[PDB]
Amino acid sequence: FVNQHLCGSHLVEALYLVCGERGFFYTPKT
Amino acid sequence: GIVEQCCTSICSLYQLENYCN
């Protein structure tokens with residue numbers, strides 16, 4: 001499910017699912 | 001950043017994992 005364009009809340013969702021117990025850092029700066 | 005790699009271009013597991021803690 002990760003191999004697509006993922007934007008906004010969908011991208012956050014993907015990080016949430018992938019990273020699990022590790023958590024993650026999200027910065028939309030680009 | 002992640003937006004450039006996953007939003008405006010196609011994302012990958014490799015890339016997403018870069019942002020896990």
# chains A, B, ... in the order shown; residues from 1 in each chain; ligands from 1
$ select_by_dssp --residues "chain B" --states "helix (DSSP H, G or I)" --output "number ranges by chain"
B: 2-7, 13-17
$ interface_residues --of "chain A" --to "chain B" --cutoff "8 Å" --atoms "only C-alpha atoms" --output "list in words"
residues 2, 3, 4, 5, 6, 7, 11, 14, 15, 18, 19, 22, 23, 24, 25, 26, 27, 28, 29 and 30 of chain A
$ write_last_selection --atoms "C-alpha atoms" --output "PDB file, in the first residue's frame"
ATOM      1  CA  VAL A   2       3.065   2.196   0.357  1.00  0.00           C
ATOM      2  CA  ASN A   3       4.037   2.183  -3.303  1.00  0.00           C
ATOM      3  CA  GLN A   4       1.818   5.017  -4.501  1.00  0.00           C
ATOM      4  CA  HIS A   5       1.451   8.770  -4.141  1.00  0.00           C
ATOM      5  CA  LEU A   6       0.660   9.421  -0.462  1.00  0.00           C
ATOM      6  CA  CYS A   7      -0.278  12.958   0.559  1.00  0.00           C
ATOM      7  CA  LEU A  11       0.986   9.871   4.217  1.00  0.00           C
ATOM      8  CA  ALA A  14       1.243   5.186   6.171  1.00  0.00           C
ATOM      9  CA  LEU A  15       3.990   6.328   8.569  1.00  0.00           C
ATOM     10  CA  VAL A  18       4.790   1.234   8.943  1.00  0.00           C
ATOM     11  CA  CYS A  19       6.630   2.606  11.935  1.00  0.00           C
ATOM     12  CA  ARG A  22       8.901   3.166  16.875  1.00  0.00           C
ATOM     13  CA  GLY A  23       6.770   6.167  16.001  1.00  0.00           C
ATOM     14  CA  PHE A  24       7.936   8.667  13.411  1.00  0.00           C
ATOM     15  CA  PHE A  25       8.883  12.219  12.548  1.00  0.00           C
ATOM     16  CA  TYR A  26       6.683  14.060  10.043  1.00  0.00           C
ATOM     17  CA  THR A  27       7.804  17.296   8.416  1.00  0.00           C
ATOM     18  CA  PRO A  28       6.023  18.490   5.269  1.00  0.00           C
ATOM     19  CA  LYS A  29       8.692  21.120   4.537  1.00  0.00           C
ATOM     20  CA  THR A  30       9.617  20.731   0.869  1.00  0.00           C
TER      21      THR A  30
END
